[PDB]
């Protein structure tokens, strides 16, 4: 469960949040394959509640109605088509598995669902599965409300309703088997693994029991005996009885400390500075690198405070670039849509807004002439600075963190063996200095400011001399105050 199952030399997943299956299929072929992306995390592919108040929120997809592969992203045919076309060009699909719960307990009965399935929350009736009253934790939960009230009580965190979401009885072999049936359907289609939603709200032993029932990966694309990559969503910043480490038996775990601390550093908040990143990773009290799934922001926390997002583009690019250059963890890049933010007493009252849509119909991802996206899709994964850093990570794969420099403040650099070097200026004055890069002598294209195309650079050029040294100059007023060069950006 710890191996991503990506093609050799492909080291990142991108979350194509709320993207339609047809758009993902095309993206694999036209972009992700040739740009060396490892895979795609997809929104939940299973039927959910169509919520009309407010209007089709992104979070409706986290309220299951059945395991029918029928959503605003598309149907089962489209989903199969996407996985096949993606695997055929060496790009993997990872499913957002919502298996802790069904929908909100107070949702109205009926067929207000993305595949028209009937369901009745009040009577605990989900006949498209089927689930019935016996398949939920109503009787196991010991809180007065039936919901989670206190995170300092590990038992209710697992046995009670997360914000009133009906809590599946994962201790029952029947419930485990219905979930495994769904996950096995996806595996056989060709899915390479799973993001396990709300992992904290499940007993590690119940997750294990479900995983024990899973097939090996599809033997047309994957070597014999391949297991799904598992990365479990557990938010653990400390201070709670449940720990990320409790889930290590099942696979990797999201390291939420990662983006929280890096954002704080890059914003220069709380007295933090980039020079402190010299011992980044386990030195910052993070989980072991071989279990961490890392990211600057995710679909939840990009809607809250302190986290860096595409809204803070300049600092965001640096943070994502630092992450992609650094060997700690397995990296996931966010890909978002814009929504009509509106702040009222410091809260975004429109943080619920679903993907770009015309009366609830998801808009296609259009591609502009300059390779950016239209229709309000942000496409961070297509931003030159990020896309090129995704390749940087591939090129330097397996090389050691080395040649660290800092000015004691916010001017830092480091290399990856003899294959890549990166330089950051986050201070309020100019970074002008000759540094040991660890690289062979040559002219290198800065892949942040530009591209190598045939035999020239479209941006900055760095000149590495015979002793591996090169001069860097980065103004503090630079639009992208960082430079990165690697073995494949050499002229």
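Numbering follows the first chain given and starts at 1.
- Of the two stretches examined, 201-209 and 326-334, the record assigns the greater average C-alpha temperature factor to 201-209.
- As listed in the deposited structure, the average C-alpha B-factor of 369-377 and of 135-143 is greater for 135-143.
- Taking only the listed residues 464, 422, 26, 32, the entry reports the highest CA temperature factor at 464.
- In the deposited coordinates, the residue among 312, 188, 149, 96 with the greatest CA B-factor is 149.
- Split the chain's modelled residues into thirds by C-alpha temperature factor. Residue 233 is in the lowest one.
- The deposited CA B-factor of residue 428 belongs to the highest third of values across its chain.
- Residue 414: CA B factor in the middle third of modelled residues in this chain (values from the PDB entry).
- Residue-level temperature factors show residue 469 in the highest third of its chain, judged at the C-alpha atom.
- Looking at the C-alpha B-factors along this chain, the one for residue 357 belongs to the lowest third.
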